[PDB]
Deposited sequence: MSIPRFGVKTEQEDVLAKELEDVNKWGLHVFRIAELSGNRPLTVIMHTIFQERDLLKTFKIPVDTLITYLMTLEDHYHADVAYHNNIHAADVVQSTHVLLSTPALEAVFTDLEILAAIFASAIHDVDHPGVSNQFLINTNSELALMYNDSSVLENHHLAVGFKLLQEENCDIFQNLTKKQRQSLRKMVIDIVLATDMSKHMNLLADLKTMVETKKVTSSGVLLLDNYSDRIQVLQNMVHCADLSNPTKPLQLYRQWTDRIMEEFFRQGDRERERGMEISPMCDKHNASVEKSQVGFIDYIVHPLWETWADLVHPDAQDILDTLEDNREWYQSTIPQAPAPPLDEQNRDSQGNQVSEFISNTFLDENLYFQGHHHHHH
């Protein structure tokens, strides 16, 4: 029962698991490309989720590895590292002072689990791409939140593989509640629901009410689920709020994925999607537009909801924005992607 040097170096990096700016990419390298499994495992022990839900450890490790295995190793952005990142970011948002003792363990389990399965089996192309190209996934889900429905379905389906049912001991009451919450969360990661998600969050802020000493007050399922929906969505759009070296790597990875889709559209003789033309693109103008028009409005509203816990995160966002600034198709990307 004595760790290797590599297991120890990994163990020391995982001491940053509660910190914004976790070196997530190095955890990927140190675990043998198992960032989702070790981060999920660490977070479950930390939060004591194995004892509360009577999840066998062997079953939990088998599920996490199976789930991770269905993330595509050949996709540059929407892979197990992005999965691990969203999970860990959500875990840090969950721990914020203003939300101390607000959420139940089941709710916590839903948010974390949902973050884990939220992009599983992503082919690295968009919903609209899948729809126009007439893919099976599009036909399967009647052109509605195609990828997002597929992520949920695969995530839940993998519970049935050998020794993978990590919810085998929950009651039906818990399982139905977990399921509905997990579905509501993952479906709300459809980017085209962003303005509707932002509108609700704004309303929640304008009318916000607080309990004894600082803590937020959520009185009904709707308000409770809307915060969790926005929490994971914030985690999904968190790259620009991280330290720059991390942010820069995600930008590289997303653009490679985007150009690869553009390459496939051009091959086919299709109209190339906004920001997917490698010969005609400004990464730098895009990201400034990304922050000004989508990322900053979201995270400012989140910062207002949980004031003042997110100021450092929001400072980092503003700093990174100024860095990129000092370096039409952007408009079209934002309209097509974040509007319904």
| note | Stretches of deposited sequence not represented by any CA atom are 1-6, 334-351, 365-377
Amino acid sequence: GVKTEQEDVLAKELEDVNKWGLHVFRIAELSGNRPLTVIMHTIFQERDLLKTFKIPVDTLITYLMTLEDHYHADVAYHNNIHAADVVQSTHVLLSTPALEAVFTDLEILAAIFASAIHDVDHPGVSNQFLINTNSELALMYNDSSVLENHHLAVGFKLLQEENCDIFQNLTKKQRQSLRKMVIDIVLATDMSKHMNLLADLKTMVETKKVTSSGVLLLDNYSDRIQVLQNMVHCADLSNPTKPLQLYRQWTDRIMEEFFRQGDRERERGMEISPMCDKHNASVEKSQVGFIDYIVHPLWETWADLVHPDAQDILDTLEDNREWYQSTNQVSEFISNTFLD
From here on, numbers count along this sequence of modelled residues.
| task | Taking the mean of the C-alpha B-factors per stretch from the entry, tell me the winner out of 71-79 and 166-174. | result | 71-79
| field | Residue stretch of maximal mean CA temperature factor, 127-135 vs 252-260 | value | 252-260
| Candidate set 200, 100, 119, 161 [ranked by C-alpha B-factor, highest] | 200
| Going by the deposited entry, which of 150, 209, 179, 157 has the highest CA temperature factor? | 209
| said: Please place residue 54 in the lowest, middle or highest third of its chain according to the CA B-factor in the PDB entry. | reply: lowest
| request: Sort the modelled residues of this chain by their C-alpha B factor and say whether residue 37 lands in the lowest, middle or highest third. | output: lowest
| According to the PDB entry, is the CA B factor of residue 286 in the bottom, middle or top third of its chain, that is, lowest, middle or highest? | highest
| request: State the tercile, meaning the lowest, middle or highest third, of residue 227 with respect to the CA B-factors recorded for its chain. | output: middle
| message | When the deposited Cα B-factors of this chain's modelled residues are ordered and cut into thirds, is residue 142 in the lowest, the middle or the highest one? | response | middle
